[PDB]
file query_12.pdb (PDB, C-alpha atoms and all ligand atoms)
ATOM      1  CA  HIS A1004     -29.340 -51.167   0.173
ATOM      2  CA  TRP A1005     -29.039 -54.746  -0.903
ATOM      3  CA  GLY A1006     -32.260 -56.550  -0.152
ATOM      4  CA  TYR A1007     -34.628 -59.140  -1.585
ATOM      5  CA  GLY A1008     -36.557 -57.121  -4.140
ATOM      6  CA  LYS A1009     -36.224 -57.429  -7.935
ATOM      7  CA  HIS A1010     -34.107 -54.308  -7.903
ATOM      8  CA  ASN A1011     -31.680 -55.257  -5.085
ATOM      9  CA  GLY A1012     -32.113 -59.006  -4.648
ATOM     10  CA  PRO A1013     -29.647 -61.904  -4.812
ATOM     11  CA  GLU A1014     -28.953 -61.479  -8.571
ATOM     12  CA  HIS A1015     -27.701 -57.939  -7.892
ATOM     13  CA  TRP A1016     -25.500 -58.527  -4.858
ATOM     14  CA  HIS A1017     -22.377 -59.419  -6.770
ATOM     15  CA  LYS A1018     -21.986 -55.836  -8.034
ATOM     16  CA  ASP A1019     -21.128 -54.643  -4.560
ATOM     17  CA  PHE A1020     -20.095 -58.012  -3.056
ATOM     18  CA  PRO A1021     -18.117 -59.758  -5.747
ATOM     19  CA  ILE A1022     -17.551 -62.796  -3.485
ATOM     20  CA  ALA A1023     -21.204 -63.639  -4.282
ATOM     21  CA  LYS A1024     -19.736 -65.596  -7.232
ATOM     22  CA  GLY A1025     -17.118 -67.280  -5.025
ATOM     23  CA  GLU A1026     -15.937 -70.832  -4.531
ATOM     24  CA  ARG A1027     -17.721 -71.448  -1.218
ATOM     25  CA  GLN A1028     -21.058 -69.671  -1.240
ATOM     26  CA  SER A1029     -24.136 -70.600   0.768
ATOM     27  CA  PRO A1030     -26.784 -71.890   0.792
ATOM     28  CA  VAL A1031     -26.566 -75.041  -1.340
ATOM     29  CA  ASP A1032     -28.897 -77.828  -2.336
ATOM     30  CA  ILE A1033     -28.222 -80.873  -0.214
ATOM     31  CA  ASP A1034     -28.384 -83.872  -2.523
ATOM     32  CA  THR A1035     -28.973 -86.689  -0.035
ATOM     33  CA  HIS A1036     -27.749 -89.353  -2.402
ATOM     34  CA  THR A1037     -24.428 -87.559  -2.939
ATOM     35  CA  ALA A1038     -23.799 -86.666   0.725
ATOM     36  CA  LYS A1039     -21.596 -89.241   2.404
ATOM     37  CA  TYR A1040     -21.660 -90.597   5.951
ATOM     38  CA  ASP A1041     -18.441 -89.505   7.739
ATOM     39  CA  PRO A1042     -17.539 -91.672  10.712
ATOM     40  CA  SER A1043     -14.719 -89.184  11.431
ATOM     41  CA  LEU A1044     -17.308 -86.734  12.749
ATOM     42  CA  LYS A1045     -17.305 -86.446  16.548
ATOM     43  CA  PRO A1046     -20.538 -86.100  18.477
ATOM     44  CA  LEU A1047     -22.312 -82.779  18.178
ATOM     45  CA  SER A1048     -22.621 -80.894  21.482
ATOM     46  CA  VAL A1049     -25.227 -78.108  21.759
ATOM     47  CA  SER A1050     -24.792 -76.582  25.246
ATOM     48  CA  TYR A1051     -27.420 -73.891  25.644
ATOM     49  CA  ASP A1052     -28.432 -74.295  29.327
ATOM     50  CA  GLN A1053     -26.816 -71.008  30.394
ATOM     51  CA  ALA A1054     -27.836 -68.885  27.432
ATOM     52  CA  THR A1055     -28.468 -65.255  28.173
ATOM     53  CA  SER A1056     -30.702 -63.696  25.540
ATOM     54  CA  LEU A1057     -30.790 -59.867  25.497
ATOM     55  CA  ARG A1058     -32.936 -58.310  22.861
ATOM     56  CA  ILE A1059     -34.763 -58.762  19.571
ATOM     57  CA  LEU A1060     -34.041 -56.473  16.615
ATOM     58  CA  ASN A1061     -35.689 -55.942  13.240
ATOM     59  CA  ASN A1062     -32.660 -55.112  11.067
ATOM     60  CA  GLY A1063     -34.570 -54.533   7.837
ATOM     61  CA  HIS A1064     -33.605 -57.991   6.505
ATOM     62  CA  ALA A1065     -34.854 -60.340   9.248
ATOM     63  CA  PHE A1066     -35.192 -60.199  13.051
ATOM     64  CA  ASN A1067     -32.322 -61.291  15.300
ATOM     65  CA  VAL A1068     -32.573 -62.605  18.850
ATOM     66  CA  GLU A1069     -29.260 -61.419  20.351
ATOM     67  CA  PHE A1070     -27.261 -63.104  23.145
ATOM     68  CA  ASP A1071     -24.669 -62.034  25.642
ATOM     69  CA  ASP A1072     -21.515 -63.513  24.088
ATOM     70  CA  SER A1073     -19.071 -61.945  26.536
ATOM     71  CA  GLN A1074     -18.290 -65.434  27.952
ATOM     72  CA  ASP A1075     -18.756 -69.132  27.091
ATOM     73  CA  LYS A1076     -22.426 -69.411  28.075
ATOM     74  CA  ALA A1077     -24.222 -71.034  25.139
ATOM     75  CA  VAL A1078     -21.739 -72.865  22.964
ATOM     76  CA  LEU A1079     -21.568 -75.252  20.082
ATOM     77  CA  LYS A1080     -18.834 -77.903  19.998
ATOM     78  CA  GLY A1081     -18.061 -81.218  18.371
ATOM     79  CA  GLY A1082     -19.278 -82.521  15.085
ATOM     80  CA  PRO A1083     -16.922 -81.188  12.432
ATOM     81  CA  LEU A1084     -15.846 -78.365  14.739
ATOM     82  CA  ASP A1085     -12.426 -77.736  16.216
ATOM     83  CA  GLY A1086     -12.780 -75.903  19.499
ATOM     84  CA  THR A1087     -15.589 -73.828  20.944
ATOM     85  CA  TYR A1088     -18.097 -71.622  19.195
ATOM     86  CA  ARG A1089     -20.168 -69.072  21.103
ATOM     87  CA  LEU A1090     -23.823 -68.311  20.252
ATOM     88  CA  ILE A1091     -24.214 -64.638  19.329
ATOM     89  CA  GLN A1092     -27.655 -64.490  17.682
ATOM     90  CA  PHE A1093     -30.326 -66.413  15.854
ATOM     91  CA  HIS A1094     -32.685 -65.426  13.060
ATOM     92  CA  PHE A1095     -34.928 -66.951  10.367
ATOM     93  CA  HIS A1096     -35.516 -66.801   6.674
ATOM     94  CA  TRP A1097     -39.056 -67.390   5.399
ATOM     95  CA  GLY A1098     -41.422 -67.287   2.477
ATOM     96  CA  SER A1099     -44.545 -65.486   1.323
ATOM     97  CA  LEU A1100     -46.169 -68.930   1.131
ATOM     98  CA  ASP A1101     -45.500 -72.305   2.781
ATOM     99  CA  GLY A1102     -43.877 -73.779  -0.318
ATOM    100  CA  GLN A1103     -40.807 -71.629  -0.100
ATOM    101  CA  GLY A1104     -38.663 -69.790   2.421
ATOM    102  CA  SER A1105     -35.686 -71.936   3.294
ATOM    103  CA  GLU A1106     -32.218 -71.197   2.013
ATOM    104  CA  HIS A1107     -30.778 -74.688   2.029
ATOM    105  CA  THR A1108     -32.826 -77.225   0.114
ATOM    106  CA  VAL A1109     -32.962 -80.997   0.451
ATOM    107  CA  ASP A1110     -33.126 -82.810  -2.893
ATOM    108  CA  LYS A1111     -34.468 -79.497  -4.209
ATOM    109  CA  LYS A1112     -37.209 -79.380  -1.565
ATOM    110  CA  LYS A1113     -37.859 -75.923  -0.112
ATOM    111  CA  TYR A1114     -39.137 -75.728   3.448
ATOM    112  CA  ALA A1115     -41.349 -72.907   4.710
ATOM    113  CA  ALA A1116     -38.565 -71.369   6.748
ATOM    114  CA  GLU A1117     -35.040 -71.886   8.087
ATOM    115  CA  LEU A1118     -33.646 -71.017  11.537
ATOM    116  CA  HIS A1119     -29.959 -69.909  11.741
ATOM    117  CA  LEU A1120     -28.214 -70.066  15.095
ATOM    118  CA  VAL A1121     -24.978 -68.173  14.615
ATOM    119  CA  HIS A1122     -21.788 -68.963  16.529
ATOM    120  CA  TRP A1123     -18.240 -67.619  16.392
ATOM    121  CA  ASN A1124     -14.959 -69.391  17.111
ATOM    122  CA  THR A1125     -13.619 -68.220  20.468
ATOM    123  CA  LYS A1127     -10.033 -68.624  19.327
ATOM    124  CA  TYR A1128     -10.434 -65.380  17.388
ATOM    125  CA  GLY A1129     -11.558 -63.240  20.326
ATOM    126  CA  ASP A1130     -14.571 -61.476  18.759
ATOM    127  CA  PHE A1131     -17.080 -61.880  15.910
ATOM    128  CA  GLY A1132     -15.428 -59.234  13.747
ATOM    129  CA  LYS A1133     -12.104 -61.058  13.748
ATOM    130  CA  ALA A1134     -13.799 -64.398  13.360
ATOM    131  CA  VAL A1135     -15.349 -63.291  10.039
ATOM    132  CA  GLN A1136     -11.827 -62.851   8.639
ATOM    133  CA  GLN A1137     -11.069 -66.594   9.060
ATOM    134  CA  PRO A1138     -12.098 -69.662   7.030
ATOM    135  CA  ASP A1139     -13.159 -71.389  10.252
ATOM    136  CA  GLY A1140     -14.490 -68.353  12.040
ATOM    137  CA  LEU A1141     -18.185 -69.179  12.297
ATOM    138  CA  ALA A1142     -20.507 -72.115  12.743
ATOM    139  CA  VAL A1143     -24.138 -71.769  11.827
ATOM    140  CA  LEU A1144     -26.673 -74.350  12.969
ATOM    141  CA  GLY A1145     -29.454 -74.525  10.401
ATOM    142  CA  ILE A1146     -32.856 -75.964  11.169
ATOM    143  CA  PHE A1147     -35.753 -76.296   8.759
ATOM    144  CA  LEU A1148     -39.310 -75.277   9.598
ATOM    145  CA  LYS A1149     -42.315 -76.986   8.143
ATOM    146  CA  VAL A1150     -45.907 -75.958   8.772
ATOM    147  CA  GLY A1151     -48.031 -78.256  10.920
ATOM    148  CA  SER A1152     -48.325 -78.323  14.682
ATOM    149  CA  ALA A1153     -47.344 -75.220  16.654
ATOM    150  CA  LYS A1154     -43.908 -75.033  18.242
ATOM    151  CA  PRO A1155     -44.499 -73.950  21.827
ATOM    152  CA  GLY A1156     -40.926 -72.744  22.292
ATOM    153  CA  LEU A1157     -41.431 -70.263  19.417
ATOM    154  CA  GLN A1158     -44.512 -68.439  20.664
ATOM    155  CA  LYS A1159     -42.608 -66.037  22.823
ATOM    156  CA  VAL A1160     -40.833 -64.854  19.696
ATOM    157  CA  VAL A1161     -44.029 -64.621  17.691
ATOM    158  CA  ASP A1162     -45.731 -62.570  20.317
ATOM    159  CA  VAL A1163     -43.095 -59.815  20.449
ATOM    160  CA  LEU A1164     -43.005 -59.215  16.681
ATOM    161  CA  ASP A1165     -45.715 -56.573  16.621
ATOM    162  CA  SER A1166     -43.428 -54.456  18.870
ATOM    163  CA  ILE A1167     -40.620 -54.613  16.282
ATOM    164  CA  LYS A1168     -42.668 -54.390  13.133
ATOM    165  CA  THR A1169     -40.403 -52.007  11.228
ATOM    166  CA  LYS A1170     -36.732 -51.694  10.484
ATOM    167  CA  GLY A1171     -34.607 -50.438  13.397
ATOM    168  CA  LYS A1172     -37.039 -51.305  16.146
ATOM    169  CA  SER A1173     -35.923 -53.480  19.026
ATOM    170  CA  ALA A1174     -37.307 -54.811  22.300
ATOM    171  CA  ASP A1175     -36.011 -56.414  25.441
ATOM    172  CA  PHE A1176     -35.935 -60.166  25.025
ATOM    173  CA  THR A1177     -34.458 -61.683  28.156
ATOM    174  CA  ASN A1178     -34.823 -65.168  29.544
ATOM    175  CA  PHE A1179     -35.528 -66.892  26.184
ATOM    176  CA  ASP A1180     -34.315 -70.524  25.950
ATOM    177  CA  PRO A1181     -33.279 -71.453  22.410
ATOM    178  CA  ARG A1182     -33.414 -75.131  23.354
ATOM    179  CA  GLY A1183     -37.139 -74.967  22.639
ATOM    180  CA  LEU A1184     -36.366 -74.501  18.927
ATOM    181  CA  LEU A1185     -34.417 -77.733  18.426
ATOM    182  CA  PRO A1186     -35.823 -80.922  16.962
ATOM    183  CA  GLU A1187     -35.506 -84.262  18.701
ATOM    184  CA  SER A1188     -32.633 -85.570  16.548
ATOM    185  CA  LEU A1189     -29.244 -83.813  16.070
ATOM    186  CA  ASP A1190     -28.444 -85.784  12.796
ATOM    187  CA  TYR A1191     -26.991 -83.202  10.344
ATOM    188  CA  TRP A1192     -25.174 -82.547   7.175
ATOM    189  CA  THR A1193     -22.085 -80.334   7.120
ATOM    190  CA  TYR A1194     -20.121 -78.421   4.489
ATOM    191  CA  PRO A1195     -17.871 -75.326   4.315
ATOM    192  CA  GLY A1196     -19.733 -72.220   3.185
ATOM    193  CA  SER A1197     -20.496 -68.508   3.613
ATOM    194  CA  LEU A1198     -22.835 -66.049   5.137
ATOM    195  CA  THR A1199     -26.043 -66.093   3.062
ATOM    196  CA  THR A1200     -26.449 -62.296   3.099
ATOM    197  CA  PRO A1201     -23.930 -59.584   2.252
ATOM    198  CA  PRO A1202     -21.122 -59.417   2.979
ATOM    199  CA  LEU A1203     -21.284 -63.134   1.937
ATOM    200  CA  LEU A1204     -18.012 -63.870   3.712
ATOM    201  CA  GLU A1205     -16.723 -67.396   3.263
ATOM    202  CA  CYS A1206     -16.148 -68.062   6.936
ATOM    203  CA  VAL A1207     -18.829 -70.568   7.919
ATOM    204  CA  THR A1208     -18.931 -74.203   8.872
ATOM    205  CA  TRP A1209     -22.565 -75.074   8.094
ATOM    206  CA  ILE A1210     -24.311 -77.708  10.185
ATOM    207  CA  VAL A1211     -27.812 -78.363   8.840
ATOM    208  CA  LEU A1212     -30.085 -80.631  10.851
ATOM    209  CA  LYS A1213     -31.982 -83.333   8.979
ATOM    210  CA  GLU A1214     -35.062 -83.227  11.132
ATOM    211  CA  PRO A1215     -37.260 -80.182  10.642
ATOM    212  CA  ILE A1216     -39.273 -78.581  13.395
ATOM    213  CA  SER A1217     -42.992 -77.951  12.899
ATOM    214  CA  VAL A1218     -44.539 -74.532  13.459
ATOM    215  CA  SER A1219     -48.159 -73.577  12.961
ATOM    216  CA  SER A1220     -49.695 -71.663  10.115
ATOM    217  CA  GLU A1221     -50.578 -68.930  12.578
ATOM    218  CA  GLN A1222     -47.020 -68.700  13.811
ATOM    219  CA  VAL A1223     -45.423 -68.266  10.403
ATOM    220  CA  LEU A1224     -48.273 -65.938   9.371
ATOM    221  CA  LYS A1225     -47.113 -63.512  12.038
ATOM    222  CA  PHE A1226     -43.562 -63.604  10.653
ATOM    223  CA  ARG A1227     -45.037 -62.438   7.377
ATOM    224  CA  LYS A1228     -46.602 -59.381   9.043
ATOM    225  CA  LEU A1229     -43.165 -57.842   9.718
ATOM    226  CA  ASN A1230     -41.923 -55.036   7.505
ATOM    227  CA  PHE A1231     -38.667 -54.506   5.626
ATOM    228  CA  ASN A1232     -39.287 -50.785   5.727
ATOM    229  CA  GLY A1233     -38.924 -48.302   8.494
ATOM    230  CA  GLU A1234     -41.775 -46.626  10.369
ATOM    231  CA  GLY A1235     -43.535 -44.001   8.225
ATOM    232  CA  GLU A1236     -42.340 -45.505   4.923
ATOM    233  CA  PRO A1237     -44.429 -47.426   2.401
ATOM    234  CA  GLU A1238     -45.164 -50.840   3.782
ATOM    235  CA  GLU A1239     -43.145 -53.690   2.257
ATOM    236  CA  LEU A1240     -43.903 -57.039   3.938
ATOM    237  CA  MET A1241     -40.898 -58.913   5.202
ATOM    238  CA  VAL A1242     -41.315 -62.080   3.181
ATOM    239  CA  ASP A1243     -39.081 -64.157   0.935
ATOM    240  CA  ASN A1244     -35.930 -63.018   2.632
ATOM    241  CA  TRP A1245     -34.001 -66.085   1.443
ATOM    242  CA  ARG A1246     -31.111 -66.544  -0.967
ATOM    243  CA  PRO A1247     -31.455 -69.421  -3.420
ATOM    244  CA  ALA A1248     -29.058 -72.315  -3.679
ATOM    245  CA  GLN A1249     -25.572 -71.506  -4.975
ATOM    246  CA  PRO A1250     -23.118 -73.663  -6.975
ATOM    247  CA  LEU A1251     -21.530 -76.411  -4.833
ATOM    248  CA  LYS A1252     -18.251 -76.210  -6.793
ATOM    249  CA  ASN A1253     -15.313 -78.158  -5.155
ATOM    250  CA  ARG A1254     -17.229 -79.170  -2.058
ATOM    251  CA  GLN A1255     -18.340 -82.316  -0.330
ATOM    252  CA  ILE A1256     -21.371 -82.430   1.991
ATOM    253  CA  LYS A1257     -20.898 -84.877   4.811
ATOM    254  CA  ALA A1258     -23.588 -86.712   6.759
ATOM    255  CA  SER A1259     -23.334 -87.498  10.452
ATOM    256  CA  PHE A1260     -25.746 -90.467  10.202
TER     257      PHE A1260
HETATM  258  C1  LIG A1301     -26.328 -53.868  25.926
HETATM  259  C2  LIG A1301     -25.352 -55.033  25.780
HETATM  260  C3  LIG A1301     -24.277 -54.935  24.895
HETATM  261  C4  LIG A1301     -23.379 -56.001  24.757
HETATM  262  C5  LIG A1301     -23.570 -57.155  25.511
HETATM  263  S1  LIG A1301     -22.464 -58.536  25.378
HETATM  264  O1  LIG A1301     -22.712 -59.421  26.504
HETATM  265  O2  LIG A1301     -21.126 -58.102  25.044
HETATM  266  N1  LIG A1301     -23.126 -59.166  24.181
HETATM  267  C6  LIG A1301     -23.072 -58.718  22.922
HETATM  268  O3  LIG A1301     -22.332 -57.801  22.586
HETATM  269  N2  LIG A1301     -23.899 -59.368  22.084
HETATM  270  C7  LIG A1301     -24.098 -59.159  20.697
HETATM  271  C8  LIG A1301     -23.382 -58.173  20.016
HETATM  272  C9  LIG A1301     -23.582 -57.968  18.639
HETATM  273  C10 LIG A1301     -24.509 -58.787  18.001
HETATM  274  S2  LIG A1301     -24.864 -58.646  16.263
HETATM  275  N3  LIG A1301     -24.867 -57.167  16.120
HETATM  276  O4  LIG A1301     -23.772 -59.235  15.520
HETATM  277  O5  LIG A1301     -26.220 -59.182  16.125
HETATM  278  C11 LIG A1301     -25.240 -59.782  18.667
HETATM  279  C12 LIG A1301     -25.027 -59.975  20.034
HETATM  280  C13 LIG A1301     -24.647 -57.253  26.399
HETATM  281  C14 LIG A1301     -25.544 -56.194  26.538
HETATM  282  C1  LIG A1302     -17.394 -57.749   8.073
HETATM  283  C2  LIG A1302     -18.810 -57.747   8.626
HETATM  284  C3  LIG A1302     -19.094 -58.487   9.770
HETATM  285  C4  LIG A1302     -20.387 -58.490  10.289
HETATM  286  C5  LIG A1302     -21.382 -57.756   9.665
HETATM  287  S1  LIG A1302     -23.033 -57.738  10.296
HETATM  288  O1  LIG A1302     -23.886 -57.193   9.270
HETATM  289  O2  LIG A1302     -23.013 -57.099  11.607
HETATM  290  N1  LIG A1302     -23.205 -59.209  10.526
HETATM  291  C6  LIG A1302     -23.754 -60.098   9.680
HETATM  292  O3  LIG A1302     -23.990 -59.804   8.515
HETATM  293  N2  LIG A1302     -24.010 -61.300  10.233
HETATM  294  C7  LIG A1302     -24.576 -62.431   9.608
HETATM  295  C8  LIG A1302     -24.983 -62.459   8.274
HETATM  296  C9  LIG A1302     -25.548 -63.613   7.706
HETATM  297  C10 LIG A1302     -25.715 -64.753   8.482
HETATM  298  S2  LIG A1302     -26.403 -66.274   7.933
HETATM  299  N3  LIG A1302     -27.698 -65.947   7.261
HETATM  300  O4  LIG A1302     -25.431 -66.809   6.981
HETATM  301  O5  LIG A1302     -26.669 -67.078   9.111
HETATM  302  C11 LIG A1302     -25.311 -64.726   9.835
HETATM  303  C12 LIG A1302     -24.749 -63.580  10.387
HETATM  304  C13 LIG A1302     -21.107 -57.007   8.512
HETATM  305  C14 LIG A1302     -19.809 -57.005   7.994
HETATM  306 ZN    ZN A1303     -29.391 -66.626   8.028
END

call {"tool": "encode", "arguments": {"input": "query_12.pdb", "output": "structure tokens", "more": "lines below"}}
Ligand SMILES: Cc1ccc(S(=O)(=O)NC(=O)Nc2ccc(S(N)(=O)=O)cc2)cc1
Ligand SMILES: Cc1ccc(S(=O)(=O)NC(=O)Nc2ccc(S(N)(=O)=O)cc2)cc1
Ligand SMILES: [Zn+2]
result
Amino acid sequence: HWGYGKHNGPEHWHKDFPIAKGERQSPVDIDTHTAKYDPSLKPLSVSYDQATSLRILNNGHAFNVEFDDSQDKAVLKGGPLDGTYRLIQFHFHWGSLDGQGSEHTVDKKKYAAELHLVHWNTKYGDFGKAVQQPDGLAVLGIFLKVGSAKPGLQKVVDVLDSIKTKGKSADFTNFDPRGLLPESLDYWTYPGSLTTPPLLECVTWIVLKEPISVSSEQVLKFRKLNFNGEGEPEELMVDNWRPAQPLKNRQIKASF
């Protein structure tokens, strides 16, 4: 029962997940003046036209929009990546207030939320094998700031009251994740980990520079979700983010 409380939050995780103190933990602060342009980076290719979303699940930590990943529909290629990575799910991390919520920071700036689109390397056959490899996953990170509404997000916001508590799910077909992307695909990249237990060091992070804007009313509905299950004391699902971890022996590269 790791979580985000004072009793089971990020400072406690290492007792059951010792890799929490590892050499390649995520997220990190992105120091823009230390990140270096890398002309070796190939163009980023986000091919989401044939995505098949399935369902939305409150897993007690966040909510995941899940995709059919039984073939190469929605894939991520290029950039720092070797080969093809299949979209399996996306989720967010967000704050109790607009001044915090993201996992990555940018010159110590916290955004209100962060979107994670999670992909696994098809050369390993399935997600479970992919998370045993140092290049098994690619996660596309996108910051959210509060301002104008994001039309592409409203369908997500409107289904949240049907998955308020842990373990609830709902059908969520025909959702196009292309409506959650910013205009620019300029990014930073570095080798890292999952940001929740099991904290496996298997991820190529690709963090877009340009945030998307969402409205106050949209993120307010995120904050009405619960960490708890039905019939249990209500604990609002807020501040489900891990803070920045030591960069150690890593270089963040800029595509721009
Ligand atoms: C009912 C059903 C089951 C399986 C599929 S599928 O096309 O094989 N897709 C699939 O398994 N997707 C999927 C599986 C696990 C996860 S998860 N649990 O890592 O969020 C996330 C996404 C499709 C429909
Ligand atoms: C060995 C193993 C594999 C998979 C799981 S799981 O719980 O089904 N999957 C899982 O945790 N997926 C996952 C976790 C964190 C992130 S994130 N936030 O780095 O984008 C993205 C995705 C648990 C244990
Ligand atoms: Zn995440």

call {"tool": "closest_atom_pairs", "arguments": {"input": "query_12.pdb", "of": "chain A", "to": "ligand ZN 1303 (chain A)", "cutoff": "8 Å", "atoms": "all atoms listed in the file", "output": "tab-separated table"}}
result
residue	atom	partner	partner_atom	distance
A:1093	CA	A:ZN1303	ZN	7.9
A:1094	CA	A:ZN1303	ZN	6.1
A:1095	CA	A:ZN1303	ZN	6.0
A:1096	CA	A:ZN1303	ZN	6.3
A:1117	CA	A:ZN1303	ZN	7.7
A:1118	CA	A:ZN1303	ZN	7.0
A:1119	CA	A:ZN1303	ZN	5.0
A:1120	CA	A:ZN1303	ZN	7.9
A:1198	CA	A:ZN1303	ZN	7.2
A:1199	CA	A:ZN1303	ZN	6.0
A:1200	CA	A:ZN1303	ZN	7.2

call {"tool": "write_last_selection", "arguments": {"input": "query_12.pdb", "atoms": "C-alpha atoms", "output": "PDB file, in the frame of the given file"}}
result
ATOM      1  CA  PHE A1093     -30.326 -66.413  15.854  1.00  0.00           C
ATOM      2  CA  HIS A1094     -32.685 -65.426  13.060  1.00  0.00           C
ATOM      3  CA  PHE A1095     -34.928 -66.951  10.367  1.00  0.00           C
ATOM      4  CA  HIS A1096     -35.516 -66.801   6.674  1.00  0.00           C
ATOM      5  CA  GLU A1117     -35.040 -71.886   8.087  1.00  0.00           C
ATOM      6  CA  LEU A1118     -33.646 -71.017  11.537  1.00  0.00           C
ATOM      7  CA  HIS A1119     -29.959 -69.909  11.741  1.00  0.00           C
ATOM      8  CA  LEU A1120     -28.214 -70.066  15.095  1.00  0.00           C
ATOM      9  CA  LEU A1198     -22.835 -66.049   5.137  1.00  0.00           C
ATOM     10  CA  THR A1199     -26.043 -66.093   3.062  1.00  0.00           C
ATOM     11  CA  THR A1200     -26.449 -62.296   3.099  1.00  0.00           C
TER      12      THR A1200
END

call {"tool": "closest_residue", "arguments": {"input": "query_12.pdb", "among": "A:1184, A:1084, A:1121, A:1033", "to": "residue 1158 (chain A)", "atoms": "all atoms listed in the file"}}
result
A:1184

call {"tool": "residues_near_ligand", "arguments": {"input": "query_12.pdb", "ligand": "ligand LIG 1301 (chain A)", "cutoff": "10 Å", "atoms": "only C-alpha atoms and all ligand atoms", "output": "list in words"}}
result
residues 1055, 1056, 1057, 1058, 1059, 1060, 1062, 1066, 1067, 1068, 1069, 1070, 1071, 1072, 1073, 1074, 1090, 1091, 1092, 1093, 1094, 1121, 1122, 1130, 1131 and 1132 of chain A

call {"tool": "residues_around", "arguments": {"input": "query_12.pdb", "residues": "residue 1191 (chain A)", "least_positions_apart": "6", "cutoff": "12 Å", "atoms": "all atoms listed in the file", "output": "number ranges by chain"}}
result
A: 1033, 1035, 1038-1041, 1044-1047, 1082-1083, 1109, 1143-1147, 1209-1215, 1256-1260

call {"tool": "atom_distance", "arguments": {"input": "query_12.pdb", "atom1": "CA of residue 1225 (chain A)", "atom2": "atom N3 of ligand LIG 1302 (chain A)"}}
result
20.1 Å
